[PDB]
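Heads up, the chain below is alone and in the form deposited without ligand 9JI; it's given as structure tokens.
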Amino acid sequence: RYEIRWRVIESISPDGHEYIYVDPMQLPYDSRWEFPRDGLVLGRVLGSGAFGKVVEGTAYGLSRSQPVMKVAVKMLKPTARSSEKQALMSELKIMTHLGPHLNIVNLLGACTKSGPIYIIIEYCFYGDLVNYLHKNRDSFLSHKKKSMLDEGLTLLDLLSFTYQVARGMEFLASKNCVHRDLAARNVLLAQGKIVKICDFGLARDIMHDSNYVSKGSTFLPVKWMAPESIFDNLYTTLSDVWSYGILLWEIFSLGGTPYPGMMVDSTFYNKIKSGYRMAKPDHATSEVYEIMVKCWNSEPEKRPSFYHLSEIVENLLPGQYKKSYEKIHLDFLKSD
């Protein structure tokens, strides 16, 4: 049952109600990513799920800038079915198609012969944003109080996370890529407080995860899904924009649960159909809440694009933030 959530839209109708996803099986794989298993040392498990895990590792000779490099490694469980092994390959093709960006968890290499499949990816020291925000809750709170009366976590960090996710999603959307599970649990934080969007599905157990709900064959992240996804099974980049607003609510609640205290049941769905939206989280500014509400337009075409969101949020960031971000993004693309 493992497969990546992400899809690439091959073609879409003018209205946008019909589309075709690229079938990764159609694409050939070039082995530009192949890396000798002997150049990899594996360490401790970083996350473990129903059909695979992600492990910390060190790669020797994988990078020219960093001949000794800390990495993460994705791999299936021992029982894993052939179909899912193919899903790992598909993931390799999709990443190759996207190419690099500062704010996604990037592919670095792969071991696909003479052993189990390994996907070598960037290591994100701080883990996922939910856990990071929970652990730094009281530090943010303390900063807020000091600011009120006059190394941690600040409002500038929260706006930086907001911006970097918008930039990573603008990149995916620019590639006709739809994430379909955008949420704080799928945003990792690297050293330097660089946020990196991913699909951490391999390392979760979907059946026991209360962020997902059964429908039919699968488990869906209903509280992050746009109404046309919930009701009509449609997922486009504009659906992701809805998810992005839900993610912002998680960020500015410092890792709160969306629709807190509401269970996904018939009354939940009826409230959504009636136009219910979440209230402002405690630590959102009014501008930030305005951004969320725009993302939650019932009409997909009225939602802002990720380019427009990146532009809006840049207006909330000090001019020098943008200049550091652009330098770090440059440094990243020049690496190796």
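Basically, rigid core = biggest C-alpha set you can superpose within 1.5 Å across the two forms. The first residue of the shown sequence is 1; numbering continues from there.
In what follows, reference is made to the form solved in complex with ligand 9JI, a form of this protein that is not presented.
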- If you drop ligand 9JI in as it sits in the bound PDB entry, superposing on the site C-alphas, does this form leave room, or do 3+ ligand atoms land within 2.4 Å of backbone or C-beta atoms? blocked
- Query: Is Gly127 close enough to touch ligand 9JI in the bound PDB entry, meaning at least one heavy atom pair within 4.5 Å?
  - Reply: yes
- Item | Heavy atom of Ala72 within 4.5 Å of ligand 9JI in the bound PDB entry | yes
- Query: Looking in the bound PDB entry, any heavy atom of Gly49 within 4.5 Å of ligand 9JI?
  - Reply: yes
- Message: in the bound PDB entry, is there a heavy atom of ligand 9JI that lies within 4.5 Å of any heavy atom of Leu248, even though the partner is absent here?
- Response: no
- Using a 4.5 Å cut on heavy atoms, which of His308, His283, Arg37, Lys53 is close to ligand 9JI in the bound PDB entry? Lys53
- Only hit among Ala226, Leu188, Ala110, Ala166 for heavy atom within 4.5 Å of ligand 9JI in the bound PDB entry is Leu188
- Message: Can you confirm whether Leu158, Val288 and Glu314, the three residues that make up this candidate site, all sit within 4.5 Å of ligand 9JI in the bound PDB entry, judged by heavy atoms?
- Response: no
- Tell me the stretch among 116 to 124, 209 to 217, 226 to 234, 256 to 264 that has any heavy atom within 4.5 angstroms of ligand 9JI in the bound PDB entry. 116 to 124
- Message: With ligand 9JI taken in the bound PDB entry, which residues across 188 to 205 come within 4.5 angstroms through any non-hydrogen atom?
- Response: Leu188, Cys198, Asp199
- Message: Quick check on the comparison between this form and the one not shown: with the core aligned, only one of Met225, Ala203, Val130, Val71 should show a Cα shift of at least 2 Å. Which one is it?
- Response: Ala203
- Message: Taking the rigid core as the reference frame, tell me whether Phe171 has a CA displacement of 2 angstroms or more between this form and the one not shown.
- Response: no
- Query: Does the distance between the two CA positions of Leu27 reach 2 Å or more between this form and the one not shown, the core being superposed?
  - Reply: yes
- Message: Rigid core aligned, does the Cα position of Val213 differ by 2 Å or more between this form and the one not shown?
- Response: yes
- Message: With a change of at least 3 Å, which way does the C-alpha separation between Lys175 and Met25 go in the bound PDB entry: closer or farther?
- Response: closer
- Message: Thinking of the 3 angstroms or more shift, are the C-alphas of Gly201 and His179 brought closer or pushed farther apart in the bound PDB entry than in this view?
- Response: closer
